[PDB]
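Numbering-wise (the entry's author numbering), the sequence shown opens with residue 1 and increments by one. Report on the following structure.
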Amino acid sequence: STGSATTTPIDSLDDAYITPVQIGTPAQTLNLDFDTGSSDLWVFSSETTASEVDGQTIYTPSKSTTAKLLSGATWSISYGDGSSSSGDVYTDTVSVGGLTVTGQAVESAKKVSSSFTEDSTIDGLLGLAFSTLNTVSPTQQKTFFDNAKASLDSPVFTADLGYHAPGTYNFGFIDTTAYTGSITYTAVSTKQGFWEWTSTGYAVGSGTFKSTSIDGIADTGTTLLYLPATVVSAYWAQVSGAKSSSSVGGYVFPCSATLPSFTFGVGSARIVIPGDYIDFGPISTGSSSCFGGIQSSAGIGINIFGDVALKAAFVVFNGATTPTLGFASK
């Protein structure tokens with residue numbers, strides 16, 4: 001089997017991407033944030049504290065003839081950005097782009113933190129990291145991908161995120177029309193439960209490529225590109241007036257600037273992030289200070305190849321017995 005679903009930016013900045021997901025019988029369609037940096041599929045629901053729901057579409061398990069309470073199971077997750085959610089668990093039928101999994105754990109939120117409430121466009125998350133990170137207790141649950149894998153034509157999914165435009169998540173096949181040139185594959189460590197890999201270096205604009213190993217995670221659920229302070233300083237030094245602002249929470253730059261591109265290495269291959277992808281717009285409405293899309297990972301504890309980086313590529317998440325990651329230009 002295969003599946004193919006369009007993923008759409010939630011706003012004009014590509015702050016996140018939503019993908020429609022069918023849950024239950026008859027189908028309830030919720031727009032979920034596919035997140036290769038976590039491993040829980042959770043949804044706003046009829047059980048979510050009413051004051052914490054503001055415009056989201058909810059899953060109502062009592063209206064699904066295939067829903068079953070997973071007795072005694074609870075979940076609770078905290079994300080790198082400080083947001084969180086928790087609740088109980090149902091199993092139900094879940095379909096993405098025509099690919100159906102029966103008996104998928106659907107984690108129903110009883111509580112969500114303010115950032116979730118305030119984002120009316122995101123009805124929940126669909127985790128695509130390794131199932132070892134799943135938070136369900138006392139019996140850990142599998143991700144949608146893990147459940148689907150054996151049925152897929154090939155044990156892979158691909159992320160093809162758009163810049164200010166829709167893109168695609170495919171399951172079970174590689175669309176050879178969706179990228180240019182060849183796909184370069186690189187090793188993955190699953191030791192921390194992430195799609196963790198080592199970039200071979202970087203360049204700023206038309207500058208020379210610096211060969212240096214940068215360990216980090218391919219994370220579709222993180223908006224920005226978080227890299228070591230040395231790398232980030234080298235980038236922003238090429239933008240007149242750019243500076244790190246403790247008050248704002250990162251590098252800002254004059255909105256009048258033209259940003260240079262940023263290249264990262266995948267083996268001997270190179271992925272180029274155009275400068276415009278690095279612009280996250282005014283820090284507040286009407287400001288002439290703009291927020292940068294490349295930020296320091298110092299004090300995160302891990303480098304994160306988030307959407308800023310991933311949307312410059314066609315990315316293969318290869319879930320074979322020994323997982324690997326593939327990147328192609330597009």
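Where a beta carbon is used, it is the ideal one built from N, C-alpha and C, also for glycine.
Buried versus exposed, by CB contacts within 10 Å (16 or more), residue i
| i | result |
| --- | --- |
| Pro-166 | exposed |
| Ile-273 | buried |
| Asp-119 | buried |
| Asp-11 | exposed |
| residue 356 | No answer is possible for residue 356: it lies beyond the span of the chain, which begins at 1 and ends at 330. |
| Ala-298 | exposed |
| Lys-68 | exposed |
| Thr-285 | exposed |
| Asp-215 | exposed |
| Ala-109 | buried |
| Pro-61 | buried |
Nearest residue (CA-CA) to residue i, options the options
| i | options | result |
| --- | --- | --- |
| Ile-217 | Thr-200, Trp-195, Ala-229 | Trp-195 |
| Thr-29 | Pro-228, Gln-56, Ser-182 | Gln-56 |
| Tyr-202 | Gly-267, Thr-25, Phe-317, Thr-19 | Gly-267 |
| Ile-283 | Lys-311, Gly-249, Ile-271 | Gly-249 |
| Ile-300 | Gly-80, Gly-3, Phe-327 | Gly-80 |
| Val-232 | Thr-263, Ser-84, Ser-151 | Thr-263 |
| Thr-143 | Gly-162, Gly-103, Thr-66 | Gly-103 |
| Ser-151 | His-164, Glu-107, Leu-99, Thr-117 | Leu-99 |
| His-164 | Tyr-179, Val-308, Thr-2 | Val-308 |
| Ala-178 | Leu-13, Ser-288, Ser-245, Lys-330 | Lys-330 |
Own chain partners of residue i with C-beta closer than 7 Å, once the 5 adjacent residues on each side are dropped
| i | result |
| --- | --- |
| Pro-323 | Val-188, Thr-190 |
| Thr-139 | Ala-73 |
| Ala-129 | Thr-36, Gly-37, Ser-38, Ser-39, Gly-193, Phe-194, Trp-195 |
| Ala-16 | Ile-10, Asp-33, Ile-122, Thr-223 |
Other residues of its chain near residue i: CB distance less than 6 Å, five sequence neighbours each side excluded
| i | result |
| --- | --- |
| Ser-213 | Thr-198 |
| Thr-49 | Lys-111 |
| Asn-31 | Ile-18, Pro-20, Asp-123 |
| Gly-265 | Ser-199, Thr-200, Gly-201 |
Sequence-distant residues of the same chain with beta carbon closer than 8 Å to residue i, five excluded per side
| i | result |
| --- | --- |
| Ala-257 | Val-239, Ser-240, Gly-241, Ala-242, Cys-290 |
| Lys-149 | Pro-155, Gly-319 |
| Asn-147 | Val-101, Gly-103, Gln-104 |
- Query: Unbroken alpha helix (DSSP H) runs of length 4 or more, entirely within the segment 114-180: which are they?
  - Reply: 114-118, 144-148
- Do three or more CB pairs link the segment 272-288 to the segment 130-141 at distances below 8 Å? no
- Message: I'd like the ranges of any beta strand (DSSP E) spanning at least 3 consecutive residues and lying wholly in the segment 62-90.
- Response: 68-78
- Task: Specify whether the segment 280-300 and the segment 228-239 touch according to this definition: at least 3 beta carbon pairs, one from each stretch, less than 8 Å apart.
- Result: yes
- Message: Pairs of beta-carbons, one from the segment 19-27 and one from the segment 88-106, closer than 8 Å: are there three or more?
- Response: yes
- Only counting runs of 4 or more residues, tell me where the alpha helix (DSSP H) segments fall wholly within the segment 223-262, in order along the chain. 229-236
- Stretch-stretch touch, CB-based, cutoff 8 Å, three pairs: the segment 313-323 with the segment 176-184: yes
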